[PDB]
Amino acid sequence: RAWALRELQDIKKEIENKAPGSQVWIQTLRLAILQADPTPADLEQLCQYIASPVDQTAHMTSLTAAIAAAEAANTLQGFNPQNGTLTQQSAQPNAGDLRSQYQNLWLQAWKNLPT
């Protein structure tokens, strides 16, 4: 696991007075992502602390479309779909370059929330 319970609680406390998709909210997550190198599963656990189910749903719909858009546009570096999805491949330790791309898309998808 990328974060201990205390670190999840700390990220949560720092962004509780911030709107999802706002500058400070995104920047706090960007910093936490850079420091801990989370997998899609660590990020899914983090979402339970920071986002309401309505926001998780909107975020995951936005992220799914972004992965599909990046794949159709050929913008992913080192992505072979024959070895599985970006989500599945980002879960493996040695796959840091794919994981780093997932993390960026996961982060940008918070800006693109229907409001």
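Numbers follow the displayed sequence, beginning with 1.
As stated in the PDB record, which stretch has the larger average Cα B-factor, 24-32 or 46-54? Stretch with the greater average CA B-factor: 24-32.
Per the PDB record, is the mean Cα temperature factor higher over 34-42 or over 74-82? The deposited B-factors put 74-82 ahead on the C-alpha mean.
Within this chain's modelled residues, let me know which third the CA B factor of residue 107 belongs to: lowest, middle or highest. Middle third - that is where residue 107 ends up once the chain's C-alpha B-factors are sorted.
Comparing against every modelled residue in the chain, figure out the third that the C-alpha B-factor of residue 66 lands in (lowest, middle or highest). CA B-factor rank for residue 66: middle third.
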